[PDB]
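Undergrad: Structure in structure tokens, see below.
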Amino acid sequence: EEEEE
Amino acid sequence: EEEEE
Amino acid sequence: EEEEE
Amino acid sequence: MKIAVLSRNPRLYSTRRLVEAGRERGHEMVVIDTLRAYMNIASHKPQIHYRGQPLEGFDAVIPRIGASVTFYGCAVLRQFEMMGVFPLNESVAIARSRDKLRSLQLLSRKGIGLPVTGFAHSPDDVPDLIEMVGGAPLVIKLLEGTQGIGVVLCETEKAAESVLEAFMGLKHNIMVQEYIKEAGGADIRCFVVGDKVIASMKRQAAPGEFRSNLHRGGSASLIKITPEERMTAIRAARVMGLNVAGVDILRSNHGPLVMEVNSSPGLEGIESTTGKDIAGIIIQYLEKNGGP
Amino acid sequence: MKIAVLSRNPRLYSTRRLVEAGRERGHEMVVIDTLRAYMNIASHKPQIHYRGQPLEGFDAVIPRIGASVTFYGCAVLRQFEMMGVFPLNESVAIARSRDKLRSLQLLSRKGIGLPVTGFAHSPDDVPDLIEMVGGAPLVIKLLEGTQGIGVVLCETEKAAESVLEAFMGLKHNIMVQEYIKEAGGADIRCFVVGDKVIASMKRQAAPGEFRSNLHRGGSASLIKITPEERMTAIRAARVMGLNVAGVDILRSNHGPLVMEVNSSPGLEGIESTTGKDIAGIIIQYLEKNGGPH
Amino acid sequence: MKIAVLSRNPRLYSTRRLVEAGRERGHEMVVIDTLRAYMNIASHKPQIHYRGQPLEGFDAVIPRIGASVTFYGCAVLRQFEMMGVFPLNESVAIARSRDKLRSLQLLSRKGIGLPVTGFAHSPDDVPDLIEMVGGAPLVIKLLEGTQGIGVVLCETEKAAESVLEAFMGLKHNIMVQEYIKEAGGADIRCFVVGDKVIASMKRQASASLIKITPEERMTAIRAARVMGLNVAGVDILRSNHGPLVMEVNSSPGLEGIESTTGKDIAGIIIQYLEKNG
Amino acid sequence: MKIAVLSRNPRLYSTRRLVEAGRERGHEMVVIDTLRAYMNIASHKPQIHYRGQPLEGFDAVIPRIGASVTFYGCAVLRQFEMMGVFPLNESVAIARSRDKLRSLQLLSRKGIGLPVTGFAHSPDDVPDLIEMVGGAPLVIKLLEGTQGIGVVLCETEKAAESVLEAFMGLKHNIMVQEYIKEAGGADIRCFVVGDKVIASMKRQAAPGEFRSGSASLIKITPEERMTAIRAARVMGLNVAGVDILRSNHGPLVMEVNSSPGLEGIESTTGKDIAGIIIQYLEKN
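Residue numbers (the numbering used here), protein chains in the order written: chain A, 31 to 35; chain B, 31 to 35; chain C, 31 to 35; chain D, 429 to 720; chain E, 46 to 338; chain F, 274 to 550; chain G, -4 to 279.
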């Protein structure tokens, strides 16, 4: 979710 | 995790 | 203790 | 019956299994994401809305309310209760069990076996607090409202002094407990439904690690519980006002000590170890108490 | 009597006044900083320690537990209760009143007059939520556990849509209430002790400002409350299980509506407006219910 | 090469693919959970420990540092840099790009196309702020440190006034932007590696292929170079005043762009490390 | 000159004194509440608005940006810089100094004396971490972004183990430092202005408490003087409070503060520090 913004 | 404590 | 430390 | 399951994730083992077991037995099972329910609390027109539509015709509700959303989850459950829907566990009981300080004081008052336990926030005399609970070694638990943040073994007085000094001014609530070394990193999970322990298991922590959660990478096995453990688990649930509860017990030299009373216990560990249809037994409980 | 006052600051108007009033009436008044009390929770010889020593010979306790420390404050109060010390307000009642969602649902269930009120966290359909509670104008409150974080008046549908979308990114609990325009920015504070309103005042918000706090720049005056308002204030306190409560009431077109039930009401506003010894009346309540009898 | 991937989850599409692509091309790929690395900074020789052992013989590192762990992730990356390990993106550039206020001020100063934009925290004159950015409708973005918390359309002056009044005293940093209605809910994601857009897609509120203009291509490349990033996702809105940069991401996802274009993006990133480490 | 002071409270000792000193010396001193400034970002005619009006004709700005508002304060300061206003300290230097992890790594890289220091978040091997930094006794600091949250002296290995296990559940950044016992609870605060230490004081912690408590005059060594000046220059700061421990391995930098207090240093030395800061702005 976060390391792929 | 949280609902399966 | 923020802009006076 | 039409049964709501208040769960934030319908893919979770316990939620899936409750839905599966309900459908095997001819019930309409609907998973409601607790946080996506919104409500009118007007007495002349009470509503629970969900994705633009009202929720109608529910006979019972199974609350699987995570600790981080206790206040809102209890508001959604309370609303179901006010609308005549039968709760597996009552809102007041779930709220009570999630307040760890209140839970321990109630279990203590009712003569349930507990580790020697102290509470603090900003104590001026840390050595006095450490002496009160029988000195080191002791376990320090860090609480923020309705959530456990950490659990720490302090082997010496100076280690207890350092943890307490560190947490003073971090605005956490602090539990100090005698270390039950004689348990050897094992605890007993008793699955309570009504006035019965329907299943139990031993959880063993990996060698070194004292914290024995299956979540924290510890192994599980069958166990024959003592009549005293059986009675303690049942009484702890009844004292909390819960119909369905996981009760965690440490085998101490002064008999069984209750560590946890959980209003939303996991099914994965207990079902894979015992082979029992726990989900089914829970559905059966709703049939006998909430439905035709 | 020996009376504990659970207060984090003994210089606060209300704590000072309770200590003053207690001493005028021959009581030993001891201010206990709630967070500096620590305890062994054994049933069989129950004790509270404070600055290295046990607390002994307390007859009663006045909880002034701030909302940020409700859980720990209620644990210290519960311990006093288990030791046979008489609480001005019970721990279960203070905890209940600090859970705003639970308070509203209980008052509603017991047929106490309330503004039309909605709860949400992460609703998929904001327009549906706004419609449910009767549309704009409405007041939107942000709650984090036992604490109010923010309050906005949203005069239009689009303003309500924007505030709710904004607050949904904070992952807090959201209260939506109809704005009671017919009150004309006035509310009644009723000070309840036992089964009586012992004092009341009208708070008028400054023109523009919708919040009628004296903190938010609003004026206060004396008021004669109706028998229905009097009964509503008393019932709200009894329903919450509180012996002492501040109850805030709006005069609406559907009768008196309860806005707030406070377990730890301020004395400054009500005392300076009425001139009444409210602190004294509270001490009197403890004498009649918690003391030698 | 021996290549570290700083990622908290090795099961994530982008981390899996970078590991896969590296191994196809004969490299030793090691996923390091950023938060499980601990370090001695002061002493005779800079080292990073991980699960009881030092990390040795790394040639390059691919930082996939999530926004919530920017400070610690940049400290671990900075340590790799001090030990002579080649970073895909430099620590200073990742830190800069995660500070949204600083990023916009830098892109603005360097003449990159931006929506008309205002900053506020506790403004005394909300109507003045709303007028400054060209009035309603406008978008309000809420920032807490290095993280975007929400994005909200305010269709009217009164809706903008209410959101700003609500957030005043909530201790968030506030961005106010002109609403680019003419984009019709579409944006362009340009995947930049070195001085090239190697892939792009249209996102509609679904994803599709797109032919970007020479101006959009140049804007994406310049935005990355200005931020000091070798690898960046640049998000662009097609406005009536040309392409406007919305986002420069130091750790762009591969799933959306790879499934839409069919291109080996992971491979091209590994190729970049081969040519420059 | 017209000088802006970015301060959230004009009644604070340091802000009052800077305003006082500026006015004694014929300057127009304006206190700007950092959070009440709002801005349009545009390279052509860059402006800052405040209470409905633009801020115009400012020659210099003194940033007193509190650690909790570093990002927004640096955005307001950066805007002043882009408009050609002279900053007492640069935005990039203030941001750098507020990132404690980055500050230590930079000072270390430039050979400035530091306590042996480790960083951790969720280490799997706590005993290894404790061994790496030379074992107990050690000081354990909790960091959340640009703010220090907590400080603990751990006298024994078991106390360090317990504190680290406790703090690992808070999901904050963890600093571990060797305890400099030989300092006997004293530190030196060196007030640096333009590559000179203009004033210094010894701070002594109350008996028991290891965290600095009383203050006194001190004659600093040439090595301490050079260390304080170099630490400020390495951070890129013209005005800095540098805290130094007298260790058995020479002077160790504990803290480089971009917004040092004036009350402690002025009441102990009797020096017009506010004045010297104003003088720096006049000369530059």
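Where is the CB? At the ideal position from N, CA and C, for every residue including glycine.
Buried or exposed: where does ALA478(F) fall if 16 or more other Cβ atoms within 10 Å of its Cβ makes it buried?
TA: With fewer than 16 Cβ atoms within 10 Å of its Cβ, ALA478(F) is classed as exposed.
Undergrad: Within a Cβ cutoff of 7 Å, which residues of the same chain sit near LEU247(G), ignoring the five residues on either side of it in sequence?
TA: So the qualifying residues of the chain are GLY108, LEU109, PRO110, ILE175, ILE239, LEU240.
Undergrad: Leaving out five residues before and five after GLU589(D) in sequence, what residues of the same chain have Cβ atoms less than 8 Å from its Cβ?
TA: Taken in chain order, the residues that qualify are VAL554, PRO555, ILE558.
Undergrad: If contact means a Cβ-Cβ distance below 7 Å, which residues of the stretch 528 to 544 of chain F contact chain A?
TA: From the stretch 528 to 544 of chain F, only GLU528 have a Cβ closer than 7 Å to chain A.
Undergrad: Is it true that the CB of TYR466(D) sits closer than 8 Å to the CB of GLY163(E)?
TA: A contact, by the Cβ cut-off of 8 Å.
Undergrad: Taking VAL221(E) as part of the beta strand (DSSP E), name the residues at either end of that continuous run.
TA: Counting along the chain, the beta strand (DSSP E) containing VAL221(E) begins and ends at 218 to 223.
Undergrad: I'd like the ranges of any alpha helix (DSSP H) spanning at least 4 consecutive residues and lying wholly in the stretch 27 to 98 of chain G.
TA: Here the runs fully enclosed are 65 to 77, 86 to 93.
Undergrad: Are the stretch 479 to 490 of chain F and the stretch 305 to 323 of chain E in contact at 8 Å, needing three or more beta carbon pairs?
TA: Touching, no, given that fewer than three Cβ pairs across the two stretches are closer than 8 Å.
Undergrad: What in chain D is Cβ-close to residue 374(E), meaning under 8 Å?
TA: Because chain E spans 46 through 338 in this model, residue 374(E) falls outside it and cannot be assessed.
Undergrad: On the DSSP bridge list, what partners appear for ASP460(F)?
TA: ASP460(F) pairs with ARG476(F).
Undergrad: For residue 269(F) and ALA539(F), I'd like the C-alpha separation in whole angstroms.
TA: In this structure chain F extends from 274 to 550, so residue 269(F) is not present and cannot be described.
Undergrad: Report the rounded CA-to-CA distance for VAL621(D) versus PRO515(D), giving the unit in angstroms.
TA: Cα to Cα, the separation comes out at about 13 Å.
Undergrad: In the DSSP output, what is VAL436(F) paired with across the bridge?
TA: DSSP, once it has assigned bridges, lists no residue as partnering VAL436(F).
Undergrad: Whose C-beta lies closer than 6 Å to the C-beta of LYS(-3)(G) among residues of the same chain, with five residues either side of it excluded?
TA: Excluding residues within five positions, the ones whose Cβ falls inside 6 Å are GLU23, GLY52, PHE53, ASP54.
Undergrad: Return helix, strand or coil for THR112(G), following the three-state DSSP convention.
TA: Correct three-state label for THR112(G): strand.
Undergrad: Measuring straight from C-alpha to C-alpha, what distance separates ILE86(E) and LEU532(D)?
TA: Approximately 8 Å between the Cα atoms of the pair.
Undergrad: Does any C-beta atom of chain F lie closer than 8 Å to the C-beta of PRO110(G)?
TA: Yes - at least one Cβ of chain F is within 8 Å of the one on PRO110(G).
Undergrad: Starting from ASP267(G), trace the alpha helix (DSSP H) both ways and give me its first and last residue.
TA: Run containing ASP267(G): none; DSSP gives neither H nor E here.
Undergrad: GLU135(E): which of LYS145(E), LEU146(E), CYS119(E) sits nearest, CA to CA?
TA: Comparing Cα-Cα distances from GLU135(E) to each of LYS145(E), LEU146(E), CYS119(E), the minimum goes to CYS119(E).
Undergrad: Would you say the stretch 276 to 293 of chain E touches the stretch 229 to 238 of chain E, given that touching needs at least three Cβ pairs under 8 Å?
TA: A contact exists between the stretch 276 to 293 of chain E and the stretch 229 to 238 of chain E.
Undergrad: Could you tell me which of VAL197(E), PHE212(E), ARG283(E) sits nearest to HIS166(E), measuring between CA atoms?
TA: When each option's Cα is compared against that of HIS166(E), the closest is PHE212(E).
Undergrad: From the beta carbon of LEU440(D), is the nearest beta carbon of chain B less than 8 Å away?
TA: Chain B, which has a Cβ nearer than 8 Å to the Cβ of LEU440(D), makes this yes.
Undergrad: Tell me the residue span of the alpha helix (DSSP H) that contains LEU124(G).
TA: Counting along the chain, the alpha helix (DSSP H) containing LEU124(G) begins and ends at 121 to 127.
Undergrad: Taking all protein chains shown into account, do 16 or more other C-beta atoms lie within 10 angstroms of the C-beta of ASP94(G), making it buried, or fewer, making it exposed?
TA: Per the 10 Å Cβ criterion, buried.
Undergrad: Which residue comes first and which comes last in the beta strand (DSSP E) that contains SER242(G)?
TA: Here the beta strand (DSSP E) through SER242(G) covers 234 to 242.
Undergrad: Could one say the Cβ of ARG526(D) lies closer than 8 Å to chain E's Cβ atoms, at least one of them?
TA: Not an interface residue.
Undergrad: Report all residues from its chain with a CB closer than 6 Å to the CB of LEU570(D); omit the five preceding and five following residues, and keep chain order.
TA: Contacts found: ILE577, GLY578, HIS600.
Undergrad: What do you get for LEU434(D), buried or exposed, if any count of 16 or more other CB atoms within 10 angstroms of its CB means buried?
TA: It counts as buried.
Undergrad: Kindly list the residues whose CB is nearer than 7 Å to the CB of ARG639(D), restricted to its own chain and excluding five residues on each side of it in sequence; keep chain order.
TA: Only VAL579, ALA633 meet the Cβ criterion.
Undergrad: Of all the residues that make up the stretch 404 to 420 of chain F, which are near chain E by a beta-carbon distance shorter than 8 Å?
TA: Within the stretch 404 to 420 of chain F, the qualifying residues are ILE413, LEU415.
Undergrad: Listing by chain order, which chain G residues have their CB less than 8 Å from the CB of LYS609(D)?
TA: Those within 8 Å of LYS609(D) in chain G number zero; the least Cβ separation is about 15 Å.
Undergrad: Using a Cβ cut-off of 7 Å, which residues of the stretch 53 to 68 of chain G contact any Cβ in chain F, in chain order?
TA: The residues in question are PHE66, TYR67.
Undergrad: Quick check on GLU254(E): buried or exposed, where buried means 16 or more other Cβ atoms within 10 Å of its Cβ?
TA: Under this definition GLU254(E) is an exposed residue.
Undergrad: Could you check the C-alpha separation between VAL25(G) and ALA178(G) for me, to the nearest Å?
TA: Rounded to the nearest angstrom, the two C-alpha atoms are 41 Å apart.
Undergrad: Which one of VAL436(F), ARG309(F), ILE543(F) has the shortest CA to CA distance from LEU426(F)?
TA: Ranking the options by Cα distance to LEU426(F), first place goes to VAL436(F).
Undergrad: With a threshold of 8 Å between beta carbons, is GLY526(F) in contact with chain A?
TA: Chain A, which has a Cβ nearer than 8 Å to the Cβ of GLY526(F), makes this yes.
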